[PDB]
2 protein chains.
Amino acid sequence: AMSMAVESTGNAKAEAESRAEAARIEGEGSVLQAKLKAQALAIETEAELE
Amino acid sequence: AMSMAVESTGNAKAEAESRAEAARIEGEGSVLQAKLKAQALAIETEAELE
């Protein structure tokens, strides 16, 4: 029974942590994607302002 | 009878603890995903404010 416990832990644990630690990547993607679009859109808008 | 008790304990125990300890992973996913989207959305919004 504590065997089947360890397989269940490993399976659900592995799947969930894979999803969350990938969401870390989409998160840092959001971080520096916001940072880049900040100045990018900034220069389009300040070029269309004049 | 206390045998079938131990198999029932092991099975239900294992399934439920696998689900809860995976929910721990989605929970820490929520933790640092909120932390990342905080500053990410912060910099989109403070870049569109000007």
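Could you tell me whether the stretch A:43-50 includes any residue that is small (G, A, S), part of a helix (DSSP H, G or I) and touching a helix residue (DSSP H, G or I) at 6+ places or on another chain (Cβ under 7 Å)?
No.
Against the condition among the small types (G, A, S), assigned to a helix (DSSP H, G or I) and at the interface with another protein chain (Cβ under 7 Å from one of its Cβ atoms), how does A:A34 come out, does it pass?
The answer is yes for A:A34.
Is it the case that A:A38 is surrounded by 13 or more Cβ atoms within 10 Å (Cβ to Cβ), over 15 Å from the mean Cα position of the chain (by Cα) and more than 30 Å from B:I25 (Cα to Cα)?
Against the criterion (surrounded by 13 or more Cβ atoms within 10 Å (Cβ to Cβ), over 15 Å from the mean Cα position of the chain (by Cα) and more than 30 Å from B:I25 (Cα to Cα)), A:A38 qualifies.
Please pick out the residue among B:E48, B:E28, B:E44 that is facing chain A (nearest Cβ under 7 Å), farther than 14 Å from A:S30 by Cβ and either out of contact with any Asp or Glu (no Cβ under 7 Å at 6 or more places or on another chain) or not hydrophobic (A, V, I, L, M, F, W, C) (or both).
Criteria check complete, one pass: B:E28.
Looking only at residues in the stretch A:9-25 that are touching an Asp or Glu at 6+ places or on another chain (Cβ under 8 Å) and surrounded by 15 or more Cβ atoms within 10 Å (Cβ to Cβ), which one is farthest from B:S18 (Cα to Cα)?
My answer is A:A20.
As a convention, Cβ positions derive from the backbone with ideal geometry for all residues, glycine included, and neighbour counts pool all protein chains shown. We did not get these values from a lab; they are worked out from the coordinates using the rules stated.
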